[PDB]
Structure formats: structure tokens, C-alpha cells
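Read on for two forms of one protein chain; each stands alone as C-alpha cells, with the labels structure 1 and structure 2.
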Structure 1
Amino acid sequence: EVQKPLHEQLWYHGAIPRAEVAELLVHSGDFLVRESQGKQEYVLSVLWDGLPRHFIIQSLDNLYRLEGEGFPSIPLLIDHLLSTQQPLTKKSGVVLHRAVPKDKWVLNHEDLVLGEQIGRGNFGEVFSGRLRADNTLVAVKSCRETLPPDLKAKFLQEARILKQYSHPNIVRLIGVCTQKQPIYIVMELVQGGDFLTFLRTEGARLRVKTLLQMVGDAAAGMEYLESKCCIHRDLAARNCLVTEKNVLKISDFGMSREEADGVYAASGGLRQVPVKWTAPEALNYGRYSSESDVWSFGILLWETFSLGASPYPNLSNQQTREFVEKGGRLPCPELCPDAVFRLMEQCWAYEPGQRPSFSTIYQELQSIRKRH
């Protein structure tokens, strides 16, 4: 192990950002080695007095050192520090205790080939791609380096969340390329693309039964998310994906948040908030919950049965908020069955406690589908 190159070491995390570092270092003396993207030097990061401390690993005459002996590799330096229990510096008194290994989700850049751009997200372009080992087709999310540091820190949230999930109606994470820049999130490629484009393109040919089965899929995904305490926050047709067999998967988990007691209090400072898909209490008071996702699901039902019409077309975001406060809601689409529209109206109850559960939504859509 100690003879293996640095890049192969389990405790070498490469281009991991500072915020993820604090996530991974749990106990006193927990440590990892990474590359400082800014400075272009190796860094030893160690938890001490509850906070991560960062030490620049010095290099001279092909020997690596801190303030003591030099070694011809960083793994030899780390082995020395761990085995001797010598403080990293006399001044700091920091002592290594446990190497934090990479999780199973870390993917080497060499394992991936990027293809054509397929979309544009809030953080940057999304590309198609392939895993070199087996020709698995993938979708690859990128993060533009010019984004504000506070927003870039949030990029890996989608991956942290999806690491935990497995469901037929939720997009599958494949890995995260954090060993070098540029940082990527790698997911299964859902080849039929987004649901909004699907509806608009294939509209005329779609049977009501098929539409009900697809939103039924969306409801199952959301039921699963609710069971995991996940609040999605960005549910919309454009953020659902369609497989070759017309199965719908929920996608785009960048804004999603896990909350054990079911409520996420927003910072208030979110840019490009999907106002027309968002519940009043979430906009007014920053109160996001499964109940605010239910509101969004109502809008998704509307998009589905209008075959991809744009909601509140004649209104600005602010006018839409004012309209909704007055009791304004979207009209019944002509292809929408009466029963679907009654469910839709319940999803848009002004008070969050009055909206249906995702279980109820799933079961109601299923019952309607068995008529058609």
C-alpha cells in the first residue's frame, strides 16, 4: 500500500472542495490528503479542536516534509507521521489518527469519455458520455468555475443526496469525478430526454392512459423521496426524464434537501427560483416541505394534460405570486379528465395541510387510469 503512487491511495481525495472536507473529517485526528486547486500544492487536512486544519506539504529535492524529516513520497511521509505520532508542527501539536478513505462513488476521469452537450443546467452544461470499461452511456453534469463560491459549494449536493437512493422512478447516480478538475457528477443517461420536450413533440399521439401512467411514475418517485425525508424543491416536467420504454424518472436534485422533521427553511437568496412551480408559503416564508412539492406536482399534472403548455403565460413571476394570493389558479386543460383536475385543485390548496399526500396522489391517479 505505502509503495503505491499517491493518486492510487485510498486517503487521497485530489480536488475535493473545502466544504466536503469538513463533511468527511469526523473525529479528532481524522485526515486526508488533497490537491489545493488554487495554490497547486499538496495539502494535508486534519480535524483538530473540532475544526479542519490545513497543512501545506513542502517539497524540495524530490523530498516531502512538513517541519521535520523529508521522505521521497507523500505516502511515506504520512506513514511516518501516523506511526511516530509526532505533532505535524511543534506550534500546532496536531497529531494524525485515522486516514479517511474515499467512498465507493469516487470515479477517475480516465474512466470517462465526454460526448456532446445535451442540456444546460444552473451550474453549467450537461453532456452525454460513456464509461470506457463497458460502454455504459452516462449523463455528466459540470460546474462553471466563475460561479459564486457560495453556489459552487452546493454543486456536490445532488450527488450527496442521490448516493442514498435506489428507485425505478429516480435518476441513478453512477459516480463523482472529484480526483481532478474539472469536477463532474456522473449519472445514468436517460435516453428519451426531458418530459416537457417529450410532451410537446409526441403530444398529439399520446393516449390519456399513457399520460396517467407517466405522472403515476412521477408520483411513485415522489412518494419514495418523501419516505426518505427528501424535499426536492424543483419538480417540473423539464426536470423529469423519459426512458426508451416511456418510464418517467425524477431528475435534477441540485436544490433538494433532506430534513428529518420535514421542513426546510430557505436562505431567501436563491437565484432563478422556479416561481411558477413553487408553493405560496415557500415563496412567502421560505417554508419548503413535501407539501410544497405537492403544489409543484399539481403544476406538473397541468403541464402533462396541456401537453406541455407554459403555465401562467401572460404573467410575470411577481404577477403570478399576486394572482395566486387572490385565489387565482391554472385552468382545466381540455384533455384533462374531470377527476384529474379535482386532484390538481387539491394539490393547489392554499394551506399546505389541506393538500393530498403523495400516497393519495399515486393511488388516485392509478384508480383513474383503470377507467381509461
Structure 2
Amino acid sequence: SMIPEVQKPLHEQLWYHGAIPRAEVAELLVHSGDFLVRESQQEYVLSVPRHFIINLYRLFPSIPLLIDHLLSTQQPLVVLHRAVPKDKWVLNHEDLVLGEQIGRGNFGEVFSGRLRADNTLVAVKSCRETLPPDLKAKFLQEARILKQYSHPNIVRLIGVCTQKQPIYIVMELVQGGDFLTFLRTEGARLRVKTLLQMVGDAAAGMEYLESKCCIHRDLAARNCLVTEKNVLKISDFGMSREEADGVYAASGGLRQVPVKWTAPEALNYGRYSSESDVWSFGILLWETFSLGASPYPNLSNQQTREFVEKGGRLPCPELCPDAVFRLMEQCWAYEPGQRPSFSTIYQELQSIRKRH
């Protein structure tokens, strides 16, 4: 026989969304009488986008019994109509075994972990609760973006733990760590063919992102990851934006700008595009063929801005193939329209590699 749904603990209900933030609630609640139950940051809340605060329960000995009573009787709390399910990416906290810290970003710590069910190693991005509300409201962007994608050179989303605090975004673990560190530790033994393959991987990922109308905005060696087989994957989509018509205009307040990787029109006018990511790609090429040198090492960020405005660019690294440097130079055209596309860049890199 079957256990009735209403006899199940709240924790198990498809329409219990736990620690789902407000922004997400409003998105999920679409039609009249759509509803879900969630927890207040011991109060539970029946959201229908009206928010009704819930040993009995009312507005029954359990909350599922209350919802069923309401739904089945159409009694006014507003009348409930349709319970709204968690989407397929939601993962319970108990499905994840958290491990040690592996990095930090502007939202807080990143940890390794394992899925309890099959031991899959994962990366777990966390959000510090003490951050400003406008920032915390952006935390789930990386999940919203990555839910849509599947590519060998893009970090895979595994799940989202929004049933309780602290909220996590769970992704594949790319076990060789960041590409900048990789270049600085392994660089002396790396062949040029390998470097070409790895920036080829990056170009493949970026071509994919352009095809999805995604603008990354923080492309750099530090934000790419390397597998144990030297495959490169693009990560840290915290700054990324999706724009159907190709341009993201910076909104409003202060921004964190990685100045030495950022195109002039992005840095000074907040015009971001696949073209501005192409500039960043050129910097990534320079990082790679210099085996992890810091760009413009003798200039502060303000100085680099002025240097670049005057037509200054990074020098050719020693032993960088000439076709690779020419491509860099094209990536750093002042006018965004004069830069090559990621499709063009990937083709060129594949051509250069095949001739090596």
C-alpha cells in the first residue's frame, strides 16, 4: 500500500520550498491561487504574492493536513488553487556531505563535498548572510544561468540547496584547481600544444556562452579550472548576465571591476558584451603563454586604464607563437566591433594547434 501524501512530513512535500528567497518566490508564483509553503528567516509562511504566517496549525496536527483542508474545502485563508512544486535542481542538505574550504569569492566560501548517494565529488558555493541585501538577492544568479547549460568546457550545475540556510549552489568538482595556479606550478613542464588545447577549451566554452546570449564579465585564468586530464572549464558565473540583444548595461551602484582584464568601454561606460569578454579572452591568452605572469605588473589599475587609452597593450610573451600573439592583438582592438568573435577565435586556435 501507499502512504498518503498528506500524511508525509512537511520536509518531504513537493511545495515546501524552505529557505527560498523572496525574488524567487515571486517568480514561481504566477497564476491566481498558486501557492507554496516556506520558512521565515520557527514561523512557516503560506505564500499565495500574499504572505500568510502559519499543538495544531492554522491561519490540524501538521501543516500538510492544513494545506489539504484548505485546498479540499476552498475555505478562505484569498483561496488556494494550485500547489507549486520545487524544480528538479533542488537538493536537500542531507544529500550533501560538506568538506574543506577550497576558495572564496564575493559571496563567501566555496567548499569541496561529496554526494552521499554515490560519492560524487562536488564544489559547494555558499552565501555569507551578513552581506548587503542587494548582493544576497543575486546569489542564485549563477544557478539560474547554469541550470540552462551543458558543455564540456563549462562547469556543470548539480543542484541547489535552498531548503534551509545556509543556501548552497552545488557544482561539479574540477579537481586540478584554478588555471592561474596550474600555470604557475606546472608551467615549466607544459608543452605549447597543451597550452593551445587548454585555451582552445576556453574558446569553445566562450563560443557556447555567446550562443546562449551569456556575457561572463570576469573571464580570467583564476576563474578557469583544470581537470586531472588537463581539460579546462570556465567557472565563477557570479557576475554573468543573459541579454537577448547582446549588451548588458551596468545598473546603478558600485561594481567590482577586475580592471586589468576589463575592456575600456566596460571599464569606463559599463557596456558589457561578448565583445568585452573577447578582450578578457586576449588577457587570458597572455596569462597562458607567459605561464601565469601578472599583467601590466608595474602599473596600478588607474595607470593601466590610462596606458590602454593611449594605445598601450601587453607585450608578446617570449616564445609565444606569432599567430597566437596576433590573435591577442585582435582581441584588444579598442572598438568592440573590430574584435573577432569567439567562433573565429576558436577556429583560429584549432588551426594553430593542428599545425603544431
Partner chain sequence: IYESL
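Throughout, rigid core stands for the largest set of C-alpha atoms superposing within 1.5 Å between the two forms. Counting starts at 1 with the first residue of structure 1 and goes up one by one along its sequence.
Each of the two structures shows the same chain on its own, and it is structure 2 that derives from the form solved in complex with its partner chain. In a rigid core superposition between structure 1 and structure 2, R271 is the single residue of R271, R205, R132, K104 whose Cα is displaced by 2 Å or more. The Cα shift for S83 between structure 1 and structure 2, taken after rigid core superposition, is 2 angstroms or larger. With both forms fitted on their core, the C-alpha atom of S28 sits 2.4 Å from where it sits in the other form; this compares the forms between structure 1 and structure 2. Fit the two forms on the rigid core and the C-alpha of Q319 turns out 1.4 Å off between structure 1 and structure 2.
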